[PDB]
Every structure is written in structure tokens, then in C-alpha cells.
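Heads up, the chain below is alone and in the form deposited in one PDB entry; it's given as C-alpha cells.
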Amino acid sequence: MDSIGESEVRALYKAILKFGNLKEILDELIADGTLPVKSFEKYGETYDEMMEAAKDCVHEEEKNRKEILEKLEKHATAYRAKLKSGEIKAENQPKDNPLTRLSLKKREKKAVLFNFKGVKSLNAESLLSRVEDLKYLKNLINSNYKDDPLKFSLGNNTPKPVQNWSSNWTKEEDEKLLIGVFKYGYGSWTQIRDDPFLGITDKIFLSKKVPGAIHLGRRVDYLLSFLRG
């Protein structure tokens, strides 16, 4: 009757990518069919368990990348030594060599996934970074403009402008966008566009246009990592 299965998990995970830490507002979510009806406490324990599992997954993948880079580094060293000593000619080189290998691995980014309670391919990175980002944003707008989130501003921070977007997109639009993420959650691009108080209806697009959903996500992540440092 109260146990947890897979539907409640998927719904939760999605809700976490949407609102980060949501234990504050579980009720409201249950109260609008966002989450299946279950107890506040049990959802709390499931959330804690999920974030725990994400922490552990990221940890294990970090260990893995570490060891792989150790080995690749060793190979790089032993290769340099041979180039200098002259046992390898520099111009008769294959394009696949310990150097290019160590480099590509150095700069490789890839999904960090895990399974949880019979739900498959959850993104630990997305979960953690989303909780942090949305916490930083909530605290950022509440500590200053609580009685009117719309008056939020970046101050004298000037984030680098957008590249070849189809709408005249300025700092103002960044502010409004962030306010919208604070209001409806990460991903709710339709509600953000349609809110007339934000007044950015004719600057979002869901010859293909720009910016769409993905582009909004990138812009939000960049804006927040920028405002931090």
C-alpha cells in the first residue's frame, strides 16, 4: 500500500531534475499529480537514498578515471623518453599514440549513469549538479528579492553574450529566464515562455530557430556556474 516500486522512483528522479531538493515541497507535488500519492517520510527516505547512490556512483567513476589516467600517463612517460632518446622518429608517427590517447582521455566527457531500485540509467552528475544549482538559485533570489522575484537582477555581472541566437537576447532575458527556473523548475520551458509577467514569450522557440529547450538548459547551467565564479 505504501511500499516503493518503479513508477514512484522515475517520477521522483524526474522531479529532482526539475526542482532539485524537493523535500520542502513534497506535499504540493503530491497535491498536483506530479508524484504518486505516498507518505512524505517514505519519499524523503527514497530521495536521501537516491542522492546517496549518486554520490557513490560519481565516487566510483572518479576512481576509475583516476586509475586509467595513471596507466595512460605511465605509457606517455615511457614514450617521451623514447622520442628524446631517439628510438622513435617524430615524423613517421601514427596519429594514434600514447600522447593523443592520454589527451583524448584527459578531455573526454561522458554520461555517468547508474541503476536504482529497478530503474535504469539515472544520471548521478545531473542529479547532484541540479540539486546544487537549484539550491544556489533559490537561496540567491530569496535572500534579496523575496517579496518580488521579478525584480531579480544580476547586478554588475556581465555574462558573455549568446552566439547567433534568433531573438535579441540580452542580460534582461537571462534574468527573466533564471526567475522562471526559480518559479517552475528546470525544464519547464513552456510555462516560462507562456508566463506573461516574465514577458519572454516571443524570445523562445519550441530554417530552424534558436533557442530551444536544450539551448535554454545550456544557458541556465552557464549562467549559474558564472554567477558562482
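What we label the rigid core is the largest C-alpha set whose atoms superpose within 1.5 Å from one form to the other. The first residue of the sequence shown is number 1, and the count goes up from there.
There is another form of this protein, the form deposited in another entry, and it is not shown here; the text below is about that form.
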{"item": "Sole residue of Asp194, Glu60, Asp48, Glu172 shifting 2 angstroms or more in CA between the shown form and the other one, core aligned", "value": "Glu60"}
{"item": "Rigid core superposition, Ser121 Cα moves 2 angstroms or more between the shown form and the other one", "value": "yes"}
{"item": "C-alpha of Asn92 moved at least 2 Å between the shown form and the other one on rigid core", "value": "yes"}
{"item": "Core-aligned CA displacement of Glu132 at least 2 Å between the shown form and the other one", "value": "no"}
